[PDB]
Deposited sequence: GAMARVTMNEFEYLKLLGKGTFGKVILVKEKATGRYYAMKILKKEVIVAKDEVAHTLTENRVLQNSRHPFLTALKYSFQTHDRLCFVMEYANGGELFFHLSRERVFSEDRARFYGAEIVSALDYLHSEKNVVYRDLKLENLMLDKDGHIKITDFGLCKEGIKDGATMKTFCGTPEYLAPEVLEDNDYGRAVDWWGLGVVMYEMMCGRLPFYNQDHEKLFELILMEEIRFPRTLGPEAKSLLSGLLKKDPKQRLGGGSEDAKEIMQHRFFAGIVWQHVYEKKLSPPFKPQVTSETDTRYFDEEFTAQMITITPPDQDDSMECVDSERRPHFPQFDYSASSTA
C-alpha cells in the first residue's frame, strides 16, 4: 500500500468531469503506468461513487491479456487514485479517425481480441461490460487491445440474469436497452457489432446528431452494408446487430462461444488469441516510453468522505 509521492507526473493523457488520467513513472520501479485521479468532491456531488467502486471491484477481480490491469488503488484525503497498465498505443477512435476504414483482416484481429476479453468477463467473473465503444478500446505498445473504463459494468450476471439501468453511450445502446426492457449480457455483443461495423464500414451503423432520432434508427431501421463488404463479415455484423437479443449471435446459452464459432473467425485459434500469438497488423511507432502522439493534442501539451476498503495493491 503506497501513496501520491511514489510517482512522477510526466504527461496528461485525458481530462474528464470526474478528474484526469496522467502518464506516471513509478519512482521505486521505473515502470510506466496510467493514473486516473478522481476528485472526491466531484465524485460524491455528481453521484459517481457507485461506478467508481464498481470499477475498483471489477479491476481487482479480473486478469486478462486484453483488459487493463490494476496495480495499485489508493486514496488521499481529497482524491481517489487508480494506477493502471499504460496503453501507449492510444484509442481505436484515434486511429480509425485517421484511417477512415480498417481492412477485414485488421478488424478480425481486434474483433477476436475483444471477443476473448468479453468471454472471460461473462463466463468467468459474471460481469457485463455495457459500454463497448471505440473510445474504450486502446492499444498497448505491441498493438494488442486493452479495454479501459469499467465504471458501467454490472456484476453478478450469470446467464439470463437481466438488468434495468439505462446506461452506456447513446450511439452504441442496444435496442433492448432503448426499449425500457430487462436486458441480459447480450448487449455487449450488440456493442461488438457496432464497433466492428465501424472498423469495416468506416461509420456508425445508425447515426443521427439528435439522440431521439438516433434511438429511432436503432429501433426501426434494418442494417445496410457497403457493397464491398465480404459476406462472412456481412453475416457476422447481421448476427451481432440483430435487434431482438434472443436472436442475436451470442444471445443464447453459448454466449461468446457462438461468436467464436462464426465463419468470419474460421482461421482463429482462440488459445493463440489469448496467448498473444497473433501478429498485430499495426505496431504503434512510439520511440520513447513517453511518446504520447497517439493521445489527443489538447491534453498531451500539459493542458470528501473516506472510502472503506478502497485501498488495494496487486499481489502475485
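Residues 1 to 4, 308 to 326, 340 to 341 of the deposited sequence have no C-alpha coordinates in the structure.
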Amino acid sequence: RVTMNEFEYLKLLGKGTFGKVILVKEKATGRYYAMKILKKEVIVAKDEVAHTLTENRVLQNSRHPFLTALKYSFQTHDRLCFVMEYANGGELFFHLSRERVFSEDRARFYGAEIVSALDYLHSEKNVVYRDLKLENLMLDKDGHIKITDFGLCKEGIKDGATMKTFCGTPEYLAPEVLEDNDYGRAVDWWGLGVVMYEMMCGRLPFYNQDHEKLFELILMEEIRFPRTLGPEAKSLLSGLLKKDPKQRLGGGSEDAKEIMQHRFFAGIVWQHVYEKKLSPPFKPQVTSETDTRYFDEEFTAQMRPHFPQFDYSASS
From here on, numbers count along this sequence of modelled residues.
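When the two stretches 82 to 90 and 205 to 213 are set side by side, the higher mean Cα temperature factor goes to 82 to 90.
Comparing 190 to 198 with 135 to 143, the stretch with the higher mean C-alpha B-factor in the PDB entry is 135 to 143. Annotation for residue 267: C-alpha temperature factor in the middle third relative to the rest of the modelled chain, per the entry.
In the deposited entry, the Cα temperature factor of residue 69 sits in the middle third of values across the chain's modelled residues.
When all modelled residues of the chain are sorted by CA temperature factor, residue 55 is found within the middle third. Ranked against the other modelled residues of its chain, the C-alpha B-factor of residue 286 as given in the entry falls in the highest third. Sorting the modelled residues of the chain by their CA temperature factor places residue 44 in the highest third.
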